[PDB]
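*Asks:* Structure incoming, see below.
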Amino acid sequence: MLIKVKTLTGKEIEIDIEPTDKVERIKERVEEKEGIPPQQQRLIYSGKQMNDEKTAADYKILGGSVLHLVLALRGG
Amino acid sequence: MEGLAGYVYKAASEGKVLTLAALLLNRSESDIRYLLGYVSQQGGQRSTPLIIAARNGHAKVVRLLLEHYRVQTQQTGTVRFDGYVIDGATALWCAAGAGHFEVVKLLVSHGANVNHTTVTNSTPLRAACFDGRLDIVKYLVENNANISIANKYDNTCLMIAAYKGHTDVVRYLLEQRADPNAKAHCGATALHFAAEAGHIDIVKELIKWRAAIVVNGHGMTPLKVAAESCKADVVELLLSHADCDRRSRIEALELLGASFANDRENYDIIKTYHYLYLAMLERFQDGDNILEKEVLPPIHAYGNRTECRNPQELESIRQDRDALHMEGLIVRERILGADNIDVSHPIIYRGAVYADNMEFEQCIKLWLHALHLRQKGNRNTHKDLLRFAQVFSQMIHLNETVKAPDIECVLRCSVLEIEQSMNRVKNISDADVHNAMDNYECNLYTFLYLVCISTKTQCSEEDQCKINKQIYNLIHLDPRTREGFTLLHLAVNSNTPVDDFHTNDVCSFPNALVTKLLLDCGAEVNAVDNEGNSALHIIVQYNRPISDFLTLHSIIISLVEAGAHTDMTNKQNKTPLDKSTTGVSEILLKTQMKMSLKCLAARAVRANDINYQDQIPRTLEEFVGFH
């Protein structure tokens, strides 16, 4: 499922991850289009940040939505 | 006994007589004096039952108490009129003030104090002519009332009646040997009050009574006050006084048409030119004895105009609407000298008209000139700064550039005005400091609006440096509201009110740009308010992390970049992590938080309440107080 996560300037990120896809690498695909490496896009799932596997069903399994991500560096 | 006192006071105030007599029936002499003379608070008035009966026009109640029960006529009570508070006024003063002739005649018959003076030296005859009742005025004078007695402001009975539209009492007072040359505190005479109000009939009685026009405490002739008041009929009422000379007549005619040029209630383009036409024509009458006007040098605020020194120059601008509005400001200021308290109002109205016509450069120049002329006179220039912010927000809202030196000029005025307002808080005692505090808070809000406008302009580097220097000066003057909020605290607070008048659509709080611009200028980021909250405590209280996430993110990294102690704890023992109320804000703080053994050790010290005073470094006691 394609995502419409907002960014630092109202951009979009295409996760292309289904609701059963874990957010451990789902944020990497969203940040692949934007440019950020996998373990740097500390995305906020409308109230919390995904940790470890973090299957997308935890974040209400929303389709697309708008996930404002943090630009937290040095997290690699 | 006290419970019946309220009913007795109510009975006298409500006008009931049979119930009042029944309540006072079978009462001993001790009960009569206590019930008739006990003050009661009702509607902000501490008035006796007899006084409130005279104020409410209950003559029968007054007649019942005065004739039968023998109540004193010299009791003092506080009354509340239409915006005026009078304390210590007897029942005769209230009866005359309320315009009840049927109550006034009863008190004087019993022996009331006709020449009674209240706290502000107020005569019942003065109150009667203030209310406009001629019958009370004629009766009081015939009952040995001193007309010449004035108030603490040196305003006699004739002078106050000259301000209000009551000609009949003025005519009776003038023929009752009243002084027309009596001056108020600021030298104002009776004709001065009539000139501002614009009473044609009252003025005609004064000049017949040898008015002997003189200047007031401000050196302002009342003939020019009517010209300044847009009173066309009053201006051509004193020109035939046979002692007004020639130069004074020119000054009056020039000011009247100029006042007509720039005034909301009395705007007319045909009388604007005509009144100035005759004044300059009278100058060009003798020929070899010409009276050339002492034209002030041209001001950049008023374009490049140098008034009109020739008859053909004003004729060339007969149909010029822009010039006639602009010329009227110059000649009026040239006459007044810009020192009057009302010279700025036509300028501010002309600027408002220009702004309402989508002409911004001219209105900005005129408003800046008005602000300078008001700040040099030490005026309450807070609404002026508010409308400056409003017009700047409208300029940037219509997508036009704003002149950065003009922003610098108003910013330089705001920082100096705040110091004056800072003095007004400290100098003024607890009488009007509550309003002064509100004005100073409004000044801080207007400064924030100005800086928010500056965050959207191009900000050339020299002008940007000047703006930063002004903001640095204001910050080092430590601007703090009554809540302990600094500029940063309000700039990071969504609860800070933004003006709805053309401003809330542009200035949005919290704003990360202004905060950034407030940290590059060096605001004390670890400042504490009355609640102990820092800027970081306030910003994490924001309840809108989705609608504007960046304005919560780009401010936090802006906040903790100069040394905003993320672990510093408020007066109520709350870490900013504890005052999160938002997962996004708390995770942003956690990402921006860097651990330090200083913080952990201080928190462990305070969590166990070890005595540290006079044992640890002096700078470390404050750090302990932080956590």
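Cβ coordinates come from backbone N, Cα and C, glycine included.
Pulled the feature table from Swiss-Prot, pasting it below:
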type	residues	note
SITE	A:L8	site 'Interaction with UBE1C'
MOD_RES	A:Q40	(Microbial infection) Deamidated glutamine
SITE	A:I44	site 'Interaction with UBE1C'
MOD_RES	A:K48	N6-acetyllysine
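Each of these features: where is it, how hidden is it, and who are its neighbours?
*Replies:* Secondary structure at A:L8 (site 'Interaction with UBE1C'), taken from DSSP and collapsed to helix, strand or coil, is coil. For A:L8 (site 'Interaction with UBE1C'), the same-chain residues that are 6 or more apart in sequence and have a Cβ closer than 8 Å to its Cβ are A:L71.
According to DSSP, A:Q40 ((Microbial infection) Deamidated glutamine) sits within a helical segment.
Over all protein chains present, the Cβ of A:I44 (site 'Interaction with UBE1C') has 23 other Cβ atoms lying within 10 Å.
A sphere of 10 angstroms centred on the C-beta of A:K48 (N6-acetyllysine) encloses 15 other C-beta atoms.
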*Asks:* Counting only residues 6+ away in sequence within the same chain, which have a CB under 8 Å from the CB of A:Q40 ((Microbial infection) Deamidated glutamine)?
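*Replies:* Those within reach of A:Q40 ((Microbial infection) Deamidated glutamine), by Cβ under 8 Å and sequence separation of 6 or more, are A:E31, A:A72, A:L73, A:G75, A:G76.
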*Asks:* Identify, in sequence order, the recorded positions in A:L8, A:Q40, A:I44, A:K48 that approach chain B with a C-beta to C-beta distance under 8 Å; the answer is 'none' if none do.
*Replies:* A:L8, A:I44, A:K48
